[PDB]
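In the form solved without agmatine, a lone chain appears below as structure tokens.
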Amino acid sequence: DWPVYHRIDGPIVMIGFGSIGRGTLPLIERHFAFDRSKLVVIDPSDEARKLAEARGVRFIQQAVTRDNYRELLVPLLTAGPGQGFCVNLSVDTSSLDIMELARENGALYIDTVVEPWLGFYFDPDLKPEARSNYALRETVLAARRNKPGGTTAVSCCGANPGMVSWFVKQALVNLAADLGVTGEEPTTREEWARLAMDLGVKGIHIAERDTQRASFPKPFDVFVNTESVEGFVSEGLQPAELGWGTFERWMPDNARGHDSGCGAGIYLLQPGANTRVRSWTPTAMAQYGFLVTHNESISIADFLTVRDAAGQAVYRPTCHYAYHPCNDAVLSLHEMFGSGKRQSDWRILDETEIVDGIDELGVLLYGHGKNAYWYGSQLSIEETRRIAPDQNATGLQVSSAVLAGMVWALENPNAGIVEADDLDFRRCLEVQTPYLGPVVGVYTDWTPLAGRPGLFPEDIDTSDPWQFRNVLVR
């Protein structure tokens, strides 16, 4: 039977019941003990209501807004008897305002993204710098400094951001042994950054390849994806964004830094979902990825930053997304940007519609003695159906990572505001690994200069294959 990790003796408030909420709720009932009536789901859509009613769970058909979130949520969070848990899996809501609301009411909190109130993503008056995830992330870092410690609030604990942070630590451990780097396993942020520096890790790709396919072809004028379309399109239209490593010798003309913050990121003045990079995964081998902005791009580079006594950074890795979505999403991207506007409709591929395919999601560490090393999951839809209901392979990697964040938080309920990089990676993977299918590490001799230059003059840097000048596609 499945392990029941803890009893939750308080209200469980799930904000948003979309593709990820539908997959997470079954996992919460499976691995936690509690009275079913103590759970409550909040979502404005009629489709979510009918699903919630099919589960016999309390439902409030309401959109959480800046105007109503205090009056709406505080009664739900303080209903008792004990400590409540706010599980935020929504769009169009401010992760920071809800997070702060839960903390000051003594309720645990978890989400999978730093989401802003509706209007932010397309606000015409915001500068590209303020539209970046770097800026959104700095609002959570500022909150953590203004109110250190307290009730635990786990920020950005999905598959990516989230799971991949744990994969980076396990990958670093594996690389140390394989490169025969002597030493004791790191137990602090400073020790981890120092290990990556000592291993010669110049950068990291969040290298992903989704091969799931449906029984019907991509409909015309319909955006298709295996997870949130609204969320993917929104982040796809934000600036391309990456953690900027100290080994880089070149950035493009339309790249910009930040005047304040942790200083670990840059951004390009162009949408990320229409920005290609050269990357690599085990199933796909050499492929194009899209440089979509993610929280872990900034948080991983910042976490693995080494500073001198003066506070200046002397080592940090490059880190960014390299996303090859399912073929219907690639076509949807080609369609959307080719038209200049969102499609008239969208849909998320369901477990009942997907014929085959996997979601290969891992971290690719490069620049070290063995060139490149990819570590991550290869979960298949066949395995997904066999172990978890109401979700495809993309959704299970995410929902299982929310399960591990919830377990860690109940076991560490007074750790303050934390990101996935602050969680005990070994305990989190122990919870999640049953839902990840094969988890493997693989070396490769491939580099972004393979087969280059070709028959056209090209702006490459042959001294160092992994320079961003060689990765970025023009």
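Residues carry their position along the shown sequence, with the first being 1.
A second form of this protein, the form deposited with agmatine bound, is not displayed here; the remarks below concern that form.
Within 4.5 Å, heavy atoms only, one stretch in 327 to 335, 297 to 305, 374 to 382, 124 to 132 touches agmatine in the deposited bound form. Which?
Correct option: 297 to 305.
How about residue 137: is it within 4.5 Å of agmatine in the deposited bound form, going by heavy atoms?
Residue 137 belongs to the contact set for agmatine.
Decide whether residue 189 counts as a contact residue for agmatine in the deposited bound form under a heavy atom distance cut-off of 4.5 Å.
The answer is yes: residue 189 has a heavy atom within 4.5 Å of agmatine.
I'd like to know whether residue 144 contacts agmatine in the deposited bound form, with contact meaning heavy atoms within 4.5 angstroms.
Yes, residue 144 sits close enough to agmatine in the deposited bound form that at least one of its heavy atoms falls within 4.5 Å.
Is it the case that residue 418, even though its partner is missing from this view, gets within 4.5 Å of agmatine in the deposited bound form, heavy atoms only?
Result yes; residue 418 sits at the interface with agmatine in the deposited bound form.
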